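Colleague:
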Ligand SMILES: *[C@@H]1O[C@H](CO)[C@@H](O[C@@H]2O[C@H](CO)[C@@H](O[C@@H]3O[C@H](CO[C@H]4O[C@H](CO)[C@@H](O)[C@H](O)[C@@H]4O)[C@@H](O)[C@H](O[C@H]4O[C@H](CO)[C@@H](O)[C@H](O)[C@@H]4O)[C@@H]3O)[C@H](O)[C@H]2NC(C)=O)[C@H](O)[C@H]1NC(C)=O
Ligand SMILES: *[C@@H]1O[C@H](CO)[C@@H](O[C@@H]2O[C@H](CO)[C@@H](O[C@@H]3O[C@H](CO[C@H]4O[C@H](CO)[C@@H](O)[C@H](O)[C@@H]4O)[C@@H](O)[C@H](O[C@H]4O[C@H](CO)[C@@H](O)[C@H](O)[C@@H]4O)[C@@H]3O)[C@H](O)[C@H]2NC(C)=O)[C@H](O)[C@H]1NC(C)=O
Ligand SMILES: *[C@@H]1O[C@H](CO)[C@@H](O[C@@H]2O[C@H](CO)[C@@H](O[C@@H]3O[C@H](CO[C@H]4O[C@H](CO)[C@@H](O)[C@H](O)[C@@H]4O)[C@@H](O)[C@H](O[C@H]4O[C@H](CO)[C@@H](O)[C@H](O)[C@@H]4O)[C@@H]3O)[C@H](O)[C@H]2NC(C)=O)[C@H](O)[C@H]1NC(C)=O
Ligand SMILES: CC(=O)N[C@@H]1[C@@H](O)[C@H](O[C@@H]2O[C@H](CO[C@]3(C(=O)O)C[C@H](O)[C@@H](NC(C)=O)[C@H]([C@H](O)[C@H](O)CO)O3)[C@H](O)[C@H](O)[C@H]2O)[C@@H](CO)O[C@H]1O
Ligand SMILES: CC(=O)N[C@@H]1[C@@H](O)[C@H](O[C@@H]2O[C@H](CO[C@]3(C(=O)O)C[C@H](O)[C@@H](NC(C)=O)[C@H]([C@H](O)[C@H](O)CO)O3)[C@H](O)[C@H](O)[C@H]2O)[C@@H](CO)O[C@H]1O
Ligand SMILES: CC(=O)N[C@@H]1[C@@H](O)[C@H](O[C@@H]2O[C@H](CO[C@]3(C(=O)O)C[C@H](O)[C@@H](NC(C)=O)[C@H]([C@H](O)[C@H](O)CO)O3)[C@H](O)[C@H](O)[C@H]2O)[C@@H](CO)O[C@H]1O
Ligand SMILES: *[C@@H]1O[C@H](CO)[C@@H](O[C@@H]2O[C@H](CO)[C@@H](O)[C@H](O)[C@H]2NC(C)=O)[C@H](O)[C@H]1NC(C)=O
Ligand SMILES: *[C@@H]1O[C@H](CO)[C@@H](O[C@@H]2O[C@H](CO)[C@@H](O)[C@H](O)[C@H]2NC(C)=O)[C@H](O)[C@H]1NC(C)=O
Ligand SMILES: *[C@@H]1O[C@H](CO)[C@@H](O[C@@H]2O[C@H](CO)[C@@H](O)[C@H](O)[C@H]2NC(C)=O)[C@H](O)[C@H]1NC(C)=O
Ligand SMILES: *[C@@H]1O[C@H](CO)[C@@H](O)[C@H](O)[C@H]1NC(C)=O
Ligand SMILES: *[C@@H]1O[C@H](CO)[C@@H](O)[C@H](O)[C@H]1NC(C)=O
Ligand SMILES: *[C@@H]1O[C@H](CO)[C@@H](O)[C@H](O)[C@H]1NC(C)=O
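Chains as they are written, first to last, in the working numbering: chain A, 174 to 657; chain B, 3 to 484; chain C, 3 to 484.
(1) Answer yes or no: the CB of residue 135 of chain C versus the heavy atoms of ligand 6, is any distance below 7 Å?
(2) Hey, quick one: how far does the beta strand (DSSP E) through residue 589 of chain A stretch, first residue to last?
(3) Can you check the segment 44-81 of chain C for any alpha helix (DSSP H) of at least 4 residues that lies completely inside it and give the ranges in chain order?
(4) For the segment 374-402 of chain A, enumerate the residues whose C-beta is nearer than 7 Å to any C-beta of chain C, in chain order.
(5) Please classify residue 275 of chain C: does DSSP put it in a helix, a strand, or coil?
(6) Scan the segment 566-599 of chain A for residues whose Cβ lies nearer than 9 Å to a Cβ of chain C and list them as they occur along the chain.
(7) So, helix, strand or coil for residue 352 of chain B, using DSSP?
(8) Quick one, which of A:470, A:176, A:448, A:450 has its alpha-carbon nearest residue 458 of chain A's?
(9) When you get a sec, list the residues whose CB is within less than 6 Å of any heavy atom of ligand 12, chain order please.
(10) In the DSSP assignment, what residue or residues form a beta bridge with residue 555 of chain A?
(11) Tell me, please, which residues DSSP counts as bridged to residue 455 of chain B.
(12) Is there at least one non-hydrogen atom of ligand 1 closer than 7 Å to the beta-carbon of residue 385 of chain A?
(13) Using a Cβ-Cβ cut-off of less than 7 Å, give me the residues of the segment 81-101 of chain C that come near chain B, in sequence order.
(14) With distances taken between CB atoms, is the gap from residue 259 of chain B to residue 107 of chain B smaller than 8 Å?
(15) Would you be able to state if there are at least three C-beta pairs under 8 Å between the segment 378-395 of chain C and the segment 362-369 of chain C?
(16) Return the chain-ordered ranges of every beta strand (DSSP E) run that is complete within the segment 290-363 of chain B and spans a minimum of 3 residues.
(17) Quick check: what's the CA-CA separation for residue 313 of chain C versus residue 305 of chain C?
(18) Start and end of the alpha helix (DSSP H) containing residue 645 of chain A?
(19) At a CB distance below 9 Å, what residues from the segment 428-453 of chain C approach chain A? Give them in sequence order.
(20) Would residue 195 of chain B be called buried (16 or more neighbouring beta carbons within 10 Å of its own) or exposed?
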């Protein structure tokens, strides 16, 4: 007689993954789905990255003397270092984060100088706190108006928007330290600034008081901004304490943003940038940072997620079959035959089952979750000062999103591993059943996954069984006689 | 001898859907799950849709002269047209969005006139920028108080809340253009308005300065509001530049809202309203607009999602092993027998009924029917603001992405399970038929049985119903087989 | 001859659960996954719970005379009762919620007194609205400065931060009701208060006007705060209307928070606290409240979610084909045999243990055990505000919807897979039993085998254990069959 057995390959080094019904199970191969490291360098392609060096974006916009190399610049991502400082007149911006976000999202620092007429006042003031070389200076985009002689007239100027784009105007108000200083600079005992368009209005009254010395000055300047639509008009009215603008900024809509990072910038290519540095985006999930720019993987809390890419691994213990056994000596494929004949032993592989299993395994996780999400400008996710309600709301939103996506990742990985194991087992069972249906009554199953053939099955007989053309009528009578 | 086969129906045309393990599979029937179109019109039932032709909600509340038809109105949805304009004295409202939102959510414009006594001043001021016919006018819900003769005394009035519902008051402050104008309207050179209750207070100082001309005026008016709880009191203390109220609005709690849409309104019934128009809600997901009012499907980014409702389609006596049966139209499963009398065909009922039962009603065990949402956040903006707009955009983006992922995964899972259950049902029927035929039959290898005894039409029927007796023909089958 | 049958246990009463493909399927055992009840009490272990009684957090911080017990206190959770009240000078806090949340998250009321020097003014002012026994008083942490003699000079003091932690300063501005009161209290007809650091500055000009009487007073006080980082400095400049601070608070970072609740506090141990009371956290989900502190389950909209633990329940020698074994108590899977000597019954250990070990520890593979969340946004509001309240409500509603959907889908998937695994285990046991009997038995159609040779108790036990040798009965069985 003859013996025919079926089995599957196995490997000496297995990987442990988790499924729906198994917490631990060993497979022949698995791949990592979470990116948990970075090179620590920021790549300069294909995005346009502008190193801030020792300048913030607001100080570069205003015209700090040591930030004058940042004039008419453009960027895709602005990188702010933690060593930046300010070296001009002390100032503060009410609603600072909104202005910073607006400038960062605009994506350019194009400035157009306009002709404002201020009559009866002196222009181009300065201070010893803002030194342009040996001489006193000021912000290059602002104009410090002061009295001329002994009079400060009421200022009333206008400027229409005859262009077809929006304009952004940056102006300010000065807070003197004493009444004497106020009257020495601006003749009136109480100034007032009003800047308005046909749809909005802002009016400020300066405050007088002593403040801690910053570069020798105990006064402050408050910075405000205004946007003028096409076909609109701007009117500036004031009788003191005005830091007049010199022009407008072109404001656009685009995919620019700003990021605080201390990582160096090198020469390389990477489509995803994090404060830790650029990371590859070939994996669906990332664990490096939750602040990202470009095409980046989703942030999950888990540091490792193994996706099974092979069948279950069973070690090998008179040949046997796939029942509680593996075939470590099989390298031509996944499933195959092993026949003990009168001539001698042999081994072959089945290609259709292996190809079907691989074609089902390959390309997985591209049917449920998309390739990558492209996000450019978002909310702030790290804070250095306490604020209250809005900071709590932002933290809550971010935490909720992170938790939900982590749960989704874990559940998806478990489901896919379960289905992979199921399909491999089903493929082995289908091969066994097809072989059984081939041998109508010339065979009998021992139970170890092996068939025994009661007639003389030569090598041609085995090969015909493998191909699918074996005929039971030729050996029917002989096998029936041998069985009984 | 005879031959008995089992098979399943097939169709000339089949749809392509996707499962967990298959990129593209073909089935006999499928349904679409995403609603991606609208009629372009808004239905006026069963909700109450109020159309604001040339008026905004704030203009209709304040009493713009051309918005006088919107007095004492009620609505479920207020539709704001893009052609609305203002035709009265220029004004601006700090935190305009909050007042607009709460007025819209209140759902009514009921106004009650109160008896306010202003001693020493002159009431019912007007301006040429707000004409009520040929004569100068003003907002109908506000009172412009100026000097009488040559004096403007200090106003100090009180108004108790003896009812059991909230009161909403709307007042204002006037910002003149010149110091001369300020002195000519109000005797004092610096006005002040203090409106306060027992738990809150607001004080505003008018600011003088030139402004762009709007209908001939360089001044402006700022609008504020106050809510007085039952048992609380209101005190208005002013020195000048006060735009007094004439009464209070009855504010409420409800499910009203406001929408921006240019779609026309026609006569029909629909529970879902979108700015593109009303849409039906017989599908779980939609792709029209993420701003919705009523019982509406969920918004997803995918434009199509197909759900399988039939078996896998396999092109084509033979069995069910890679072989379809185009000639089966009375069911999904059945038998084909080739006998001496002739060929025959019948359909099974238990398996088909089980398949229909397990297929019908899917997507209802997991997801709900619909969700009713009435008032939400704003999702489209016309001006750049900064922090809050960014936060709102972030929240909406997160919600949309998560729901799209959920929809995709659910559709894939249910397609996979439908295919699996159909195949399992077919295999179960074949196994039961084998189990009936104890030793009188043999598996031919293509999904067919070859019977070794005389099995006429009555014998086929006995096999089909489940009363086949193997013992009767056992000896004959054994003699024939061996 | 003999008959061997294979079956599974059934129970007199079962539970109905839902799966992906079945609306209502009865199972032998199920468990509840949603906690929907509480004892109505708050446990004081292991968290430190501080009872606010009739004092709010702001009143305790400021130094209200009836809130003097709460001086220098520490907490993990602060409970604010609904019967709190104020008994001092009327006041208001601009941006009240942020200060309240900051103080609650700081978790301590540790106050350190500093030595300020106010030259030329009178200190320690009081009022009849804030009584300390017979005498008049004020907030214990604030200093009320007025004129001394007939002059109020320009106050300009400084205080540096030489420590290694932040400082929190609380100060105020007084709003007089009349010009005469302003002039009498402070010489200047218009005061001003400026408080600044090297990176921030605030200036408030007091308002003037009448307000509703609160405890005999018609003037108000506004409360502001300033944080000084290490290495910074504070300057207080004022010429009138200053409510001076007496020191600083130590602000920390931790896991403290604040709650509104009326439930009493008893001696018990629990890790989850809700406004309804404490709830156990042994279930993955809960339905009591969406405001929690500590290690608590997740909030879902569903009050019941049943998880299948046993097999499907089938009503009741025969096999497992549409038949149960109500008399089976030794295990889940086993054999029955009818021999010449008599009937019998046994239970298998391998299959039962495999089913138990696969089912035991389930639902822990996907979801995390517990999540610890301490301080979060506000989820209930008493007054309408507008934009921010709408955004917060939207965020919470979105989160609740998403987590409820996740819970539903997870439970359905787990139930389906449990049913499938039990069925597959039974089928595998049947297939192995058939696999032992190569040609000495024939399937009878109801899950039972007809053994065609004399199979005594030893032969049955050999079949059960896996040592059955078919050869020695092969000839006898073959002779019997044909
Ligand atoms: C209201 O109250 C505030 C605070 O009390 C007052 O503000 C102070 O004003 C004084 C002078 O107006 C400031 O003192 C000045 O400080 C300068 C910087 O000091 C720093 O740097 C030095 C050197 O690096 C350090 O040693 C020092 O510790 C500080 O860290 C000094 O450079 C100034 O020097 C002047 O005096 C010396 C005296 O010999 C001369 O040699 C110098 O040439 C120069 O003339 C000066 O000492 C003080 O810093 C301010 N305080 C704060 C906190 O900033 C307001 O003046 C007060 N308002 C009114 C109206 O009086
Ligand atoms: C501070 O600075 C601001 C801005 O610079 C000044 O505001 C200007 O005020 C003047 C009036 O003093 C405004 O001029 C008026 O404009 C009206 C609207 O113009 C539109 O309509 C006309 C006619 O349809 C069009 O031709 C024109 O292109 C506009 O589309 C005019 O209707 C007014 O006409 C009046 O004057 C003429 C003069 O002959 C008379 O014949 C008319 O009958 C009528 O009386 C007038 O021209 C101007 O628009 C304002 N500017 C802005 C930007 O708003 C402040 O006056 C100034 N304040 C101080 C104290 O200096
Ligand atoms: C601007 O307008 C406001 C409001 O119109 C004025 O505020 C009012 O000021 C008066 C004082 O002139 C307040 O009157 C006082 O009210 C106290 C509280 O009343 C409670 O208690 C009484 C009985 O105890 C109840 O009947 C009442 O309903 C309240 O529950 C009274 O206790 C005071 O009593 C004093 O006068 C009586 C006179 O008979 C004496 O018998 C008493 O012993 C005591 O001396 C007093 O009546 C009034 O409450 C204020 N209104 C509000 C709403 O607060 C401003 O004064 C005004 N400003 C200017 C500049 O005109
Ligand atoms: C307006 C002016 O020129 N005033 C002169 C005084 O400043 C001056 O002497 C010295 O002034 C110092 C502060 O002076 C400046 C400064 O910051 O250096 C001088 C700047 O010109 C002035 N800027 C403008 C635009 O006017 C600036 C400003 O007044 C304030 O600083 C704004 O807060 O002040 C410093 O106090 C020295 O200690 C002082 O000696 C006197 C000398 O006689 O002449 C004035 O004309
Ligand atoms: C107070 C008053 O009636 N003053 C008279 C002047 O108005 C008047 O001349 C004309 O004034 C025009 C601006 O006038 C109004 C307006 O806008 O129509 C008149 C309104 O009565 C007044 N409203 C109130 C409540 O006082 C309104 C108000 O002052 C401003 O709109 C506030 O910003 O102004 C316009 O300038 C014409 O060009 C002018 O001729 C003179 C005529 O002699 O008499 C004044 O008594
Ligand atoms: C400043 C002072 O002492 N003024 C005395 C008057 O208050 C006073 O008579 C009674 O004043 C009552 C209001 O008085 C107090 C109060 O609230 O009880 C007195 C407090 O000392 C004072 N607090 C401070 C820090 O100065 C407080 C304050 O002035 C305001 O209330 C703040 O809003 O007022 C009440 O009006 C009685 O009706 C009145 O008789 C007269 C008596 O001659 O003497 C003043 O010195
Ligand atoms: C990427 O950068 C982030 C910066 O936030 C790192 O996260 C910090 O890691 C340090 C190291 O222990 C902790 O002390 C901080 O608390 C972490 N911050 C936060 C917000 O989590 C992160 O470790 C970096 N990752 C890599 C791979 O470099
Ligand atoms: C419903 O109307 C909205 C308008 O708000 C349409 O959305 C715009 O569609 C155009 C064309 O694709 C885009 O260029 C715009 O960017 C869309 N606007 C926004 C805010 O996304 C929407 O396509 C309409 N839907 C249907 C079915 O007609
Ligand atoms: C736990 O406490 C909350 C307190 O809000 C209860 O929720 C309220 O329940 C009543 C009863 O019908 C409703 O009228 C309110 O509208 C509910 N409030 C909110 C904000 O939803 C809740 O029922 C309590 N649960 C238990 C188990 O005691
Ligand atoms: C394991 O799978 C990865 C991709 O899934 C493949 O690149 C690798 O060659 C596989 N390993 C083996 C030993 O086949
Ligand atoms: C496909 O299924 C729908 C219901 O799900 C049914 O109305 C339709 O008739 C089916 N298609 C065919 C061709 O029968
Ligand atoms: C049902 O299962 C629970 C645990 O899952 C167990 O404690 C209980 O005893 C079971 N019920 C029966 C009747 O065995």
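Just so you know, even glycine gets a beta-carbon here, dropped at the ideal spot from N, CA and C.
Modeller: Taking the structure as given:
(1) For ligand 6, not one heavy atom lies less than 7 Å from the Cβ of residue 135 of chain C.
(2) No beta strand (DSSP E) holds residue 589 of chain A; the alpha helix (DSSP H) holding it covers 562-611.
(3) 59-64
(4) 380, 382, 383, 384, 385, 387, 393
(5) strand
(6) Within the segment 566-599 of chain A, the qualifying residues are 566, 568, 569, 570, 572, 573, 576, 577, 579, 580, 581, 583, 584, 587, 588, 591.
(7) helix
(8) A:470
(9) C:31, C:33, C:311
(10) Answer is none; residue 555 of chain A lacks a bridge partner.
(11) In the DSSP output, where bridge partners are listed per residue, residue 455 of chain B has none listed.
(12) Yes, the Cβ of residue 385 of chain A comes within 7 Å of a heavy atom of ligand 1.
(13) 94
(14) yes
(15) no
(16) 295-298, 308-310, 335-340, 345-349
(17) 24 Å
(18) Residue 645 of chain A -> alpha helix (DSSP H) spans 645-656.
(19) Listed by position, the residues of the segment 428-453 of chain C near chain A (Cβ gap below 9 Å) are 434, 437, 438, 440, 441.
(20) buried
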